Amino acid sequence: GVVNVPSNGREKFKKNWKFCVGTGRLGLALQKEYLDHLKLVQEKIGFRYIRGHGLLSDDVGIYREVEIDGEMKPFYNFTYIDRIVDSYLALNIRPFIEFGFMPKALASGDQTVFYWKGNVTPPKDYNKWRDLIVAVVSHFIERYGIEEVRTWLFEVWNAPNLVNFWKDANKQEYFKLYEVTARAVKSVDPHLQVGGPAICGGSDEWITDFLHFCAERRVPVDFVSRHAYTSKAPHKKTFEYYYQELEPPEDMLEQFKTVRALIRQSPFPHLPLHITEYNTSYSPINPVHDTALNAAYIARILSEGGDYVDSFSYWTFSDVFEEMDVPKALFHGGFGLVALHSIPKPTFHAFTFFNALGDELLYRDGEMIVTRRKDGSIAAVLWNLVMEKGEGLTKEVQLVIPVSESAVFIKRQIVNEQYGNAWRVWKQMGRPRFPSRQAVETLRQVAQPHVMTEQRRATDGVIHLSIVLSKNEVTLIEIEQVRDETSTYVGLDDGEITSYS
């Protein structure tokens, strides 16, 4: 493919793609492994927010009753989220808070979800729930101050359209929960941004009904949130895996555009859309998350998602996760960008590569994005998504690039099936479920992207880049001006080194 890149760009590539990221339940943020991962993530990708479950679930331990006199009185315990939210700010990432699930002692019923058993029943008392919300949100304000907390976003629950996350998928009782929550939030401070309905795909009439509910009853909404996944249901389970086929990335972008339109035609036309969960597969034990295909796939979404949505949050930044029990093996199919022992998966590198793009959009299509940075250098992320089985499937992309700076340093980073892929190498080691330190160390060496560099002189003010992508490669290409200093090394002559010319 021959893509002629212009010197100038009308558009700006926005940073929506790294606005927010996902995470396993907040209680897992107490784990050193977790925070190692979060550190890595925030050093290499700069997420602004993080979005998880469990804030009000009982391992974090906020909501209790507590026998005083002979009445059960509510007790709010911030010991853990203080630590959690602190560890977050310390890593320059803010909570996209998600109020859920139901504390056990506030639950109206038994139903739970996940291995860690988040209670998914409504509050036995909405006054108690509201007071939870007021307490938490007020607690946050005390700890972090109002100006900090105002930058946070507060989602109400999670996937209420699903029977697993909300008793009977009750639209009406969710809307009651939304309204008590949204009102509770604004009552603490009116700038605080509360939103919903946190629905998973398959039920976008919920967004419309949610926005009709909010307009009709004058319920505050500051954003719509929605999840996006492209995996069909499991066509094969093992004791530790769900294998699922996938719709192409276009399916996710159409999901985004569709929900943007629902918002345009609603009484709240100006509302931000945050996709608070996205990946390929929605199961934390689907091995696709460990693969290069995941990288290549998710790159398209990084490219284009931001046209439709104010943010879209990769579920998750890390394999530290337990919705489906403790990981049974190093590469076990989890959502994480980072695997246990801080081994980036290929998808991590995809974010790393997008994080090198500039603001100025020179060219974008369905398999690349090409940007100018403020120093005049170019940054391109290209990907070769291939959802079909088979080998080779190399795609050459020819890039013609405007460069006035007579010489250029090109640095290219590739992750694919061979490179930046610890999953492949893990396989070769015997798929050790519980690898030794040495094996982890090799895995990490191997998980680094392949780097290639060159100096190229630009003939006619043009650089012609032949970029050969292999199956499911995501690659970062940067073209820097070379300010050559060779001429200051007077007499320099590598021909005077043994073996060199």
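Throughout, we count residues from 1 along the sequence that is shown.
Stretches compared: 457 to 465, 34 to 42. Higher mean C-alpha B-factor in the entry: 457 to 465. For the pair 128 to 136 and 359 to 367, the mean B factor over Cα atoms is greater in 359 to 367. Of the candidates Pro327, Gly201, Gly145, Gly336, it is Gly201 whose Cα B-factor is highest according to the PDB record. Across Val219, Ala296, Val224, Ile285, the greatest Cα temperature factor reported in the deposited entry is at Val219. Ranked against the other modelled residues of its chain, the C-alpha B-factor of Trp383 as given in the entry falls in the middle third. Looking at the C-alpha B-factors along this chain, the one for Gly430 belongs to the lowest third. Split the chain's modelled residues into thirds by C-alpha temperature factor. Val66 is in the highest one. Annotation for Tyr489: C-alpha temperature factor in the lowest third relative to the rest of the modelled chain, per the entry. When the CA B factors of the chain's modelled residues are split into thirds, the value for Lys18 lands in the middle one.
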